[PDB]
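To start, the structure itself, in structure tokens.
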Amino acid sequence: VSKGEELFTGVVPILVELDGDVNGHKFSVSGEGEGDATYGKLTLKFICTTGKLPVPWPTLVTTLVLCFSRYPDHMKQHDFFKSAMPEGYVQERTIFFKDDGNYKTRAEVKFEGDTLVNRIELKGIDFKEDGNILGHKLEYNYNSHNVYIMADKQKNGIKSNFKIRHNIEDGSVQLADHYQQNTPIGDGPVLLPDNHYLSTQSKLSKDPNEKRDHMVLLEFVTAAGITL
């Protein structure tokens, strides 16, 4: 058992705070909701608090808390994300949009009191101002994904390479190549996993009564096994 397991046995409130800068377009996003790791379930509503989001909401889904994944009993020794809690972990990514710009993200995921917080800094560079991303040409939807989590023994953490495919309105695909690394915050012991898969599914919706630019997200993440 990890020192973080017991912190996720019930419904946990979540706060997400993102400070963004893409090609010099500054923006901020605030998210609120709750996670129920027993069912691998999270529900979040995100608001662009600076006005219109200058990138498409789907491109921010992976950036905007894998500690809410459901690890089956025979897999709980591989749950790095909960084991780091409450002190937490750093999650860093570069996201390469094919034939367009790239995001660099650095996030701290940790408890502040009873609330699980995901505090993010995002920098976007080399985007095309009239391209598919800054031109808002991506559909408001998301595909299910399987991600291979690999141990990073040198960093006492994990790493992952995976592909997200966003739908472009012309019927083609915008590829987003993700490189990810996670490391414990501080001098904290963690469970170092063996390689395994997470299976994700995400549904994007809108609050019909909400006038601000926003995204409602329902996400399920399950550790599928060592294989598949």
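How things are named: the first chain in the structure tokens is A, the next is B, and so on; residues count from 1 in each chain; ligands count from 1 in the order shown.
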Discussion item. So that I can check the surroundings of residue 157 in chain A, please list as a PyMOL selection string every protein, DNA and RNA residue that reaches within 12 Å of it, counting only C-alpha atoms and ignoring chain neighbours fewer than 5 positions away.
Written reply: chain A and resi 78-81+83-84+88-92+149-152+180-185+188-195
Can you check which parts of range 84-150 of chain A lie within 7 Å of range 162-171 of chain A? Per residue, the shortest pair of atoms and distance in Å to one decimal, counting only C-alpha atoms, sorted by chain and number, as a tab-separated table.
residue	atom	partner	partner_atom	distance
A:137	CA	A:168	CA	5.8
A:138	CA	A:168	CA	4.4
A:139	CA	A:167	CA	5.5
A:147	CA	A:162	CA	6.2
Worksheet item: Between CA of residue 199 in chain A and CA of residue 101 in chain A, what is the distance, to one decimal in Å?
Response: 26.9 Å
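Take the candidates A:42, A:48, A:134, A:120 and check each one against residue 200 in chain A using only C-alpha atoms; the shortest distance goes to A:42.
Taking only C-alpha atoms, the non-local environment of range 34-38 of chain A within 7 Å (same-chain residues fewer than 6 positions away omitted) comprises residues 8, 9, 10, 11, 12, 13, 14, 44, 68, 69 and 70 of chain A.
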Could you write out the selected residues, including N, CA and C atoms, as a PDB file, in the first residue's frame?
ATOM      1  N   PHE A   8      -7.630   8.824  -1.921  1.00  0.00           N
ATOM      2  CA  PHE A   8      -8.477   8.788  -3.107  1.00  0.00           C
ATOM      3  C   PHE A   8      -9.648   7.830  -2.974  1.00  0.00           C
ATOM      4  N   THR A   9      -9.949   7.352  -1.764  1.00  0.00           N
ATOM      5  CA  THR A   9     -10.980   6.326  -1.628  1.00  0.00           C
ATOM      6  C   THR A   9     -12.388   6.865  -1.866  1.00  0.00           C
ATOM      7  N   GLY A  10     -12.602   8.175  -1.715  1.00  0.00           N
ATOM      8  CA  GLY A  10     -13.913   8.765  -1.947  1.00  0.00           C
ATOM      9  C   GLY A  10     -13.886   9.816  -3.044  1.00  0.00           C
ATOM     10  N   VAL A  11     -14.869  10.722  -3.073  1.00  0.00           N
ATOM     11  CA  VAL A  11     -14.915  11.785  -4.082  1.00  0.00           C
ATOM     12  C   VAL A  11     -14.061  12.963  -3.619  1.00  0.00           C
ATOM     13  N   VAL A  12     -13.126  13.389  -4.459  1.00  0.00           N
ATOM     14  CA  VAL A  12     -12.112  14.389  -4.105  1.00  0.00           C
ATOM     15  C   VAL A  12     -12.355  15.646  -4.930  1.00  0.00           C
ATOM     16  N   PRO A  13     -12.452  16.829  -4.316  1.00  0.00           N
ATOM     17  CA  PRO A  13     -12.578  18.050  -5.121  1.00  0.00           C
ATOM     18  C   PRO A  13     -11.286  18.356  -5.856  1.00  0.00           C
ATOM     19  N   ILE A  14     -11.433  18.930  -7.052  1.00  0.00           N
ATOM     20  CA  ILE A  14     -10.310  19.218  -7.940  1.00  0.00           C
ATOM     21  C   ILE A  14     -10.315  20.690  -8.329  1.00  0.00           C
ATOM     22  N   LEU A  44     -15.065  17.736 -14.826  1.00  0.00           N
ATOM     23  CA  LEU A  44     -14.485  19.063 -14.661  1.00  0.00           C
ATOM     24  C   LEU A  44     -15.135  20.056 -15.609  1.00  0.00           C
ATOM     25  N   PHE A  68      -6.316  10.185 -10.673  1.00  0.00           N
ATOM     26  CA  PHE A  68      -7.683   9.691 -10.588  1.00  0.00           C
ATOM     27  C   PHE A  68      -7.939   8.477 -11.471  1.00  0.00           C
ATOM     28  N   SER A  69      -6.889   7.887 -12.041  1.00  0.00           N
ATOM     29  CA  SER A  69      -7.054   6.641 -12.784  1.00  0.00           C
ATOM     30  C   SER A  69      -7.430   5.509 -11.844  1.00  0.00           C
ATOM     31  N   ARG A  70      -8.205   4.554 -12.351  1.00  0.00           N
ATOM     32  CA  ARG A  70      -8.505   3.360 -11.569  1.00  0.00           C
ATOM     33  C   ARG A  70      -7.429   2.317 -11.841  1.00  0.00           C
TER      34      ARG A  70
END
Worksheet item: Which parts of range 5-184 of chain A does DSSP call alpha helix (DSSP H) when run on the backbone here, written out as a list in words?
Response: residues 80, 81, 82 and 83 of chain A
Per residue of range 81-134 of chain A within 12 Å of range 50-63 of chain A, what are the shortest atom pair and its distance in Å to one decimal, counting only C-alpha atoms, with rows by chain and residue number, as CSV?
residue,atom,partner,partner_atom,distance
A:91,CA,A:63,CA,9.0
A:92,CA,A:63,CA,9.1
A:93,CA,A:63,CA,8.2
A:94,CA,A:63,CA,10.1
A:95,CA,A:59,CA,9.3
A:96,CA,A:59,CA,10.8
A:97,CA,A:59,CA,9.4
A:101,CA,A:55,CA,11.4
A:102,CA,A:59,CA,10.8
A:103,CA,A:59,CA,9.6
A:104,CA,A:63,CA,9.8
A:105,CA,A:63,CA,7.3
A:106,CA,A:63,CA,9.0
A:107,CA,A:63,CA,8.3
A:108,CA,A:63,CA,11.2
A:109,CA,A:63,CA,11.4
A:118,CA,A:63,CA,9.3
A:119,CA,A:63,CA,10.1
A:120,CA,A:63,CA,7.8
A:121,CA,A:63,CA,9.6
A:122,CA,A:63,CA,8.6
A:123,CA,A:63,CA,11.6
A:124,CA,A:55,CA,10.0
A:127,CA,A:55,CA,10.3
A:128,CA,A:55,CA,11.3
A:129,CA,A:54,CA,10.1
A:130,CA,A:55,CA,11.3
A:131,CA,A:55,CA,10.5
A:132,CA,A:56,CA,9.0
A:133,CA,A:55,CA,5.6
A:134,CA,A:55,CA,5.3
Discussion item. Let's see if you can do this: from backbone DSSP, list all strand (DSSP E or B) residues in range 62-174 of chain A, as a PyMOL selection string.
Written reply: chain A and resi 70+89-97+102-112+115-125+138+145-152+157-168+173-174
Worksheet item: Any idea what's packed within 6 Å of residue 196 in chain A, counting only C-alpha atoms, ignoring anything in its chain fewer than 4 positions away? Could you give it as JSON, numbers by chain?
Response: {"A": [148, 149, 225, 226]}
Discussion item. I'd like the interatomic distance between CA of residue 160 in chain A and CA of residue 145 in chain A, to a tenth of an Å.
Written reply: 13.0 Å
